[PDB]
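Chemist: First the structure, which I've put down as structure tokens, then a few questions once you've had a look.
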Amino acid sequence: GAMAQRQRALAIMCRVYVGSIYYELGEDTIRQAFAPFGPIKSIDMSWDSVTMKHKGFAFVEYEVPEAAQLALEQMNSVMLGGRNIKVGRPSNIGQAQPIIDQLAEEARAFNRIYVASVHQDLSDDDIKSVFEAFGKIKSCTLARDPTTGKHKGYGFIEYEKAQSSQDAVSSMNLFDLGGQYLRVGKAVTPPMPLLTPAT
């Protein structure tokens, strides 16, 4: 049971602070450019209505924190136009840091990774099948929704070996599987599909 709430810090981890961006990119296009990492649930975008441009920052909040840490991980280079963007400001100072670090350790215990841009037609087992070809997998769980008829486009995979899961991250990253580039990254917190502590 435990009932130790870490989800408050996760609500922070689901967000990525994107700084600078570029004086051009709008809210809708930014959603499209960050979607590769995960489905964006909310965006706080800087927009000045008198100049019709913006030089500031924006908060990209995904459903899962993985895509946020992941978008930070891979895309801390540029974001269109020609600007070195800043993703996140986790200067290892704060109350959330210890929590993030703890769950990081918890993700290590599960040997779990995150995969995005998972082609709509490919099911959990198929993603496991190909990743299994590189590392010894333990479990496959795509974010699948009963009221869509398919999976939402992102998922998570968990290995029996923390080494093997990192192999998949390197090999399967930007792998075209079904006409889509699987975005793979390290899972920062264990996504519990069945939170049933009495089963």
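Just remember, in the structure tokens the first chain shown is A, the second B, etc., residues are 1-based per chain, and ligands are 1-based in the order shown.
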Apply DSSP to the structure's backbone, then extract all residues of region 8-198 of chain A labelled strand (DSSP E or B) and return them as a ChimeraX atom specification.

Modeler: /A:15-19,40-45,48,53,57-62,78,84,86-87,112-116,137-145,150-159,175-176,181-186

Chemist: Excluding region 60-64 of chain A and any residue of its chain fewer than 5 positions from it, enumerate the residues within 6 Å of it, using only C-alpha atoms, and give them as a PyMOL selection string.

Modeler: chain A and resi 14-16+39-43

Chemist: Would you mind exporting N, CA, C and O atoms of the selected residues as a JSON list (two decimals), in the first residue's frame?

Modeler:
```json
[["chain", "number", "residue", "atom", "x", "y", "z"],
["A", 14, "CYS", "N", 5.93, 16.44, -15.65],
["A", 14, "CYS", "CA", 5.19, 16.35, -16.90],
["A", 14, "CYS", "C", 5.35, 17.62, -17.72],
["A", 14, "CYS", "O", 4.95, 17.68, -18.88],
["A", 15, "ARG", "N", 5.93, 18.65, -17.11],
["A", 15, "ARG", "CA", 6.10, 19.93, -17.77],
["A", 15, "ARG", "C", 7.55, 20.13, -18.19],
["A", 15, "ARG", "O", 8.47, 19.74, -17.46],
["A", 16, "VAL", "N", 7.76, 20.73, -19.35],
["A", 16, "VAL", "CA", 9.09, 21.15, -19.74],
["A", 16, "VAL", "C", 9.09, 22.65, -20.05],
["A", 16, "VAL", "O", 8.24, 23.15, -20.79],
["A", 39, "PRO", "N", 2.00, 12.93, -26.09],
["A", 39, "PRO", "CA", 0.78, 13.73, -26.23],
["A", 39, "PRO", "C", 0.74, 14.87, -25.22],
["A", 39, "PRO", "O", 0.79, 14.64, -24.00],
["A", 40, "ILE", "N", 0.68, 16.09, -25.72],
["A", 40, "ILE", "CA", 0.66, 17.26, -24.87],
["A", 40, "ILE", "C", -0.74, 17.49, -24.31],
["A", 40, "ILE", "O", -1.72, 17.50, -25.05],
["A", 41, "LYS", "N", -0.82, 17.66, -23.00],
["A", 41, "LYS", "CA", -2.09, 17.79, -22.32],
["A", 41, "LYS", "C", -2.44, 19.26, -22.10],
["A", 41, "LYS", "O", -3.62, 19.63, -22.07],
["A", 42, "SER", "N", -1.43, 20.10, -21.97],
["A", 42, "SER", "CA", -1.63, 21.52, -21.75],
["A", 42, "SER", "C", -0.39, 22.32, -22.15],
["A", 42, "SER", "O", 0.74, 21.87, -21.93],
["A", 43, "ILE", "N", -0.59, 23.48, -22.75],
["A", 43, "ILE", "CA", 0.51, 24.35, -23.13],
["A", 43, "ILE", "C", 0.27, 25.78, -22.67],
["A", 43, "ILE", "O", -0.74, 26.39, -23.02]]
```

Chemist: Residues at most 9 Å from residue 96 (chain A), counting only C-alpha atoms, excluding those fewer than 4 positions away in the same chain, as a compact mmCIF listing (two decimals) with C-alpha atoms, in the first residue's frame?

Modeler:
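Result saved to part_26.txt:
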```txt
# COMPACT_ATOMS: atom_id res chain seq x y z
CA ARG A 6 4.76 11.47 -5.43
CA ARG A 8 2.52 16.18 -7.04
CA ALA A 9 6.15 16.23 -8.13
CA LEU A 10 5.22 14.26 -11.24
CA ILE A 12 6.00 19.20 -12.36
CA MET A 13 7.92 16.50 -14.24
CA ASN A 92 19.11 20.20 -8.82
CA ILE A 100 12.49 12.85 -9.03
CA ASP A 101 15.77 11.29 -7.94
```

Chemist: Nearest to residue 116 (chain A) among A:35, A:130, A:137, A:78, with distances taken over only C-alpha atoms: which residue is it?

Modeler: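 Counting only C-alpha atoms, the residue closest to residue 116 (chain A) is A:35.
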
Chemist: Given only C-alpha atoms as the basis, pick out the residue of A:153, A:98, A:146, A:56 nearest to residue 181 (chain A).

Modeler: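 Closest to residue 181 (chain A), using only C-alpha atoms: A:153.
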
Chemist: Find the residue from A:70, A:21, A:172, A:118 that sits nearest to residue 58 (chain A); use only C-alpha atoms when measuring.

Modeler: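 The answer is A:21, which sits nearest to residue 58 (chain A).
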
Chemist: Pick out the closest residue to residue 197 (chain A) from this set: A:156, A:1, A:73, A:131. Count only C-alpha atoms.

Modeler: A:1

Chemist: What does the distance between CA of residue 32 (chain A) and CA of residue 71 (chain A) come to in Å, to one decimal place?

Modeler: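 Separation of CA of residue 32 (chain A) and CA of residue 71 (chain A): 12.7 Å.
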
Chemist: I'd like to know which residues of region 54-152 of chain A are alpha helix (DSSP H) (by DSSP, run on the backbone); could you write them as a short mmCIF file (atom, residue, chain, number, x, y, z; two decimals) with N, CA, C and O atoms, in the first residue's frame?

Modeler:
```cif
data_model
loop_
_atom_site.label_atom_id
_atom_site.label_comp_id
_atom_site.auth_asym_id
_atom_site.auth_seq_id
_atom_site.Cartn_x
_atom_site.Cartn_y
_atom_site.Cartn_z
N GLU A 66 7.53 11.27 -18.78
CA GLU A 66 8.55 10.68 -19.63
C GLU A 66 8.85 11.54 -20.86
O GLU A 66 9.99 11.87 -21.11
N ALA A 67 7.81 11.92 -21.60
CA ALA A 67 7.96 12.71 -22.82
C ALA A 67 8.58 14.07 -22.54
O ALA A 67 9.19 14.68 -23.41
N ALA A 68 8.43 14.53 -21.31
CA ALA A 68 8.93 15.84 -20.93
C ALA A 68 10.42 15.76 -20.65
O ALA A 68 11.20 16.56 -21.16
N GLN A 69 10.80 14.77 -19.86
CA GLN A 69 12.21 14.51 -19.60
C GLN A 69 12.90 14.09 -20.89
O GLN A 69 14.04 14.45 -21.15
N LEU A 70 12.17 13.34 -21.71
CA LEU A 70 12.64 12.86 -23.00
C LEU A 70 12.86 14.01 -23.99
O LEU A 70 13.88 14.06 -24.67
N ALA A 71 11.89 14.91 -24.08
CA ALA A 71 12.01 16.06 -24.97
C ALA A 71 13.18 16.94 -24.53
O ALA A 71 13.84 17.57 -25.34
N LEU A 72 13.42 16.94 -23.22
CA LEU A 72 14.58 17.62 -22.65
C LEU A 72 15.85 16.88 -23.04
O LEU A 72 16.84 17.49 -23.47
N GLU A 73 15.81 15.56 -22.89
CA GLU A 73 16.93 14.69 -23.19
C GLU A 73 17.42 14.85 -24.63
O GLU A 73 18.58 15.16 -24.87
N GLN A 74 16.52 14.65 -25.59
CA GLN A 74 16.91 14.63 -26.99
C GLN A 74 16.92 16.02 -27.63
O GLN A 74 17.82 16.34 -28.41
N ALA A 96 11.18 18.97 -5.33
CA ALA A 96 10.81 17.96 -6.30
C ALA A 96 12.02 17.13 -6.72
O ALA A 96 11.88 15.96 -7.06
N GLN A 97 13.20 17.74 -6.67
CA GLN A 97 14.43 17.07 -7.09
C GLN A 97 14.64 15.73 -6.36
O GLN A 97 14.82 14.71 -7.02
N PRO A 98 14.61 15.71 -5.01
CA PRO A 98 14.72 14.46 -4.24
C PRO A 98 13.68 13.41 -4.65
O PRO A 98 13.97 12.22 -4.67
N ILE A 99 12.48 13.87 -4.98
CA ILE A 99 11.40 12.97 -5.39
C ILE A 99 11.69 12.39 -6.77
O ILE A 99 11.57 11.19 -6.99
N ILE A 100 12.10 13.27 -7.69
CA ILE A 100 12.49 12.85 -9.03
C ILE A 100 13.62 11.83 -8.95
O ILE A 100 13.58 10.79 -9.61
N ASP A 101 14.60 12.14 -8.11
CA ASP A 101 15.77 11.29 -7.94
C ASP A 101 15.38 9.93 -7.36
O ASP A 101 15.92 8.90 -7.77
N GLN A 102 14.45 9.93 -6.41
CA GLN A 102 13.97 8.69 -5.81
C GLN A 102 13.30 7.80 -6.84
O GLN A 102 13.60 6.62 -6.95
N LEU A 103 12.37 8.38 -7.60
CA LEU A 103 11.65 7.63 -8.61
C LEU A 103 12.57 7.21 -9.73
O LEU A 103 12.36 6.19 -10.36
N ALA A 104 13.58 8.04 -10.02
CA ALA A 104 14.63 7.65 -10.95
C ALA A 104 15.22 6.32 -10.53
O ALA A 104 15.36 5.40 -11.33
N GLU A 105 15.54 6.23 -9.24
CA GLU A 105 16.02 4.99 -8.64
C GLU A 105 14.98 3.88 -8.76
O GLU A 105 15.31 2.72 -8.97
N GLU A 106 13.71 4.26 -8.62
CA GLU A 106 12.61 3.30 -8.73
C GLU A 106 12.47 2.78 -10.16
O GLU A 106 12.20 1.60 -10.37
N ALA A 107 12.69 3.65 -11.13
CA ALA A 107 12.66 3.25 -12.53
C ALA A 107 13.83 2.34 -12.85
O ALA A 107 13.72 1.44 -13.69
N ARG A 108 14.95 2.56 -12.16
CA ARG A 108 16.12 1.70 -12.29
C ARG A 108 15.80 0.28 -11.83
O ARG A 108 16.24 -0.70 -12.43
N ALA A 109 15.00 0.19 -10.78
CA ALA A 109 14.62 -1.09 -10.20
C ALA A 109 13.73 -1.90 -11.14
O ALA A 109 13.71 -3.13 -11.10
N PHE A 110 12.98 -1.19 -11.99
CA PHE A 110 12.09 -1.85 -12.94
C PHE A 110 12.76 -2.03 -14.29
O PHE A 110 12.32 -2.83 -15.11
N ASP A 124 0.94 -3.79 -28.34
CA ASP A 124 1.94 -3.92 -27.27
C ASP A 124 2.95 -5.02 -27.56
O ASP A 124 4.16 -4.79 -27.50
N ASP A 125 2.44 -6.19 -27.91
CA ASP A 125 3.27 -7.37 -28.12
C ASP A 125 4.26 -7.17 -29.26
O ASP A 125 5.38 -7.66 -29.21
N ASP A 126 3.85 -6.42 -30.28
CA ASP A 126 4.70 -6.20 -31.44
C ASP A 126 5.87 -5.30 -31.09
O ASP A 126 6.99 -5.51 -31.55
N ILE A 127 5.62 -4.29 -30.25
CA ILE A 127 6.67 -3.41 -29.81
C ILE A 127 7.65 -4.19 -28.95
O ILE A 127 8.87 -4.07 -29.10
N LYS A 128 7.11 -5.04 -28.08
CA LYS A 128 7.93 -5.95 -27.29
C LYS A 128 8.77 -6.84 -28.22
O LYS A 128 9.96 -7.02 -28.01
N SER A 129 8.13 -7.38 -29.25
CA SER A 129 8.78 -8.31 -30.17
C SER A 129 10.07 -7.74 -30.77
O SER A 129 11.11 -8.41 -30.77
N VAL A 130 10.02 -6.51 -31.25
CA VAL A 130 11.18 -5.91 -31.92
C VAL A 130 12.24 -5.47 -30.91
O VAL A 130 13.43 -5.64 -31.14
N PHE A 131 11.81 -4.92 -29.78
CA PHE A 131 12.75 -4.49 -28.74
C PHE A 131 13.42 -5.69 -28.09
O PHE A 131 14.57 -5.62 -27.64
#
```

Chemist: Considering only C-alpha atoms, return as a PyMOL selection string whatever protein or nucleic-acid residues lie within 12 Å of residue 53 (chain A), sequence-local ones (same chain, fewer than 6 positions apart) excluded.

Modeler: chain A and resi 20-27+45-47

Chemist: Write a file of the just-selected residues containing N, CA and C atoms, as a PDB file, in the first residue's frame.

Modeler:
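Output file out_16.pdb is given in full below:
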```pdb
ATOM      1  N   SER A  20      13.257  30.747 -24.938  1.00  0.00           N
ATOM      2  CA  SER A  20      13.697  31.376 -26.183  1.00  0.00           C
ATOM      3  C   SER A  20      12.795  30.987 -27.354  1.00  0.00           C
ATOM      4  N   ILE A  21      12.826  29.707 -27.728  1.00  0.00           N
ATOM      5  CA  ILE A  21      12.071  29.202 -28.877  1.00  0.00           C
ATOM      6  C   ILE A  21      12.535  29.878 -30.167  1.00  0.00           C
ATOM      7  N   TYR A  22      11.870  30.978 -30.514  1.00  0.00           N
ATOM      8  CA  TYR A  22      12.105  31.706 -31.751  1.00  0.00           C
ATOM      9  C   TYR A  22      10.944  32.664 -31.946  1.00  0.00           C
ATOM     10  N   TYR A  23      11.209  33.874 -32.405  1.00  0.00           N
ATOM     11  CA  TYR A  23      10.131  34.827 -32.608  1.00  0.00           C
ATOM     12  C   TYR A  23       9.393  34.526 -33.912  1.00  0.00           C
ATOM     13  N   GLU A  24       8.575  33.476 -33.878  1.00  0.00           N
ATOM     14  CA  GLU A  24       7.794  33.067 -35.037  1.00  0.00           C
ATOM     15  C   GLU A  24       6.849  31.928 -34.683  1.00  0.00           C
ATOM     16  N   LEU A  25       7.411  30.884 -34.085  1.00  0.00           N
ATOM     17  CA  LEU A  25       6.672  29.659 -33.806  1.00  0.00           C
ATOM     18  C   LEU A  25       5.460  29.921 -32.921  1.00  0.00           C
ATOM     19  N   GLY A  26       4.312  29.442 -33.379  1.00  0.00           N
ATOM     20  CA  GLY A  26       3.075  29.621 -32.652  1.00  0.00           C
ATOM     21  C   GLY A  26       2.744  28.438 -31.763  1.00  0.00           C
ATOM     22  N   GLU A  27       1.594  28.517 -31.105  1.00  0.00           N
ATOM     23  CA  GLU A  27       1.184  27.523 -30.120  1.00  0.00           C
ATOM     24  C   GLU A  27       0.889  26.178 -30.786  1.00  0.00           C
ATOM     25  N   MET A  45       1.624  29.076 -23.491  1.00  0.00           N
ATOM     26  CA  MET A  45       2.450  29.659 -24.537  1.00  0.00           C
ATOM     27  C   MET A  45       2.504  31.172 -24.404  1.00  0.00           C
ATOM     28  N   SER A  46       3.679  31.737 -24.625  1.00  0.00           N
ATOM     29  CA  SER A  46       3.849  33.177 -24.587  1.00  0.00           C
ATOM     30  C   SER A  46       3.387  33.799 -25.897  1.00  0.00           C
ATOM     31  N   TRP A  47       2.439  34.710 -25.812  1.00  0.00           N
ATOM     32  CA  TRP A  47       1.952  35.407 -26.988  1.00  0.00           C
ATOM     33  C   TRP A  47       1.660  36.859 -26.658  1.00  0.00           C
TER      34      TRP A  47
END
```
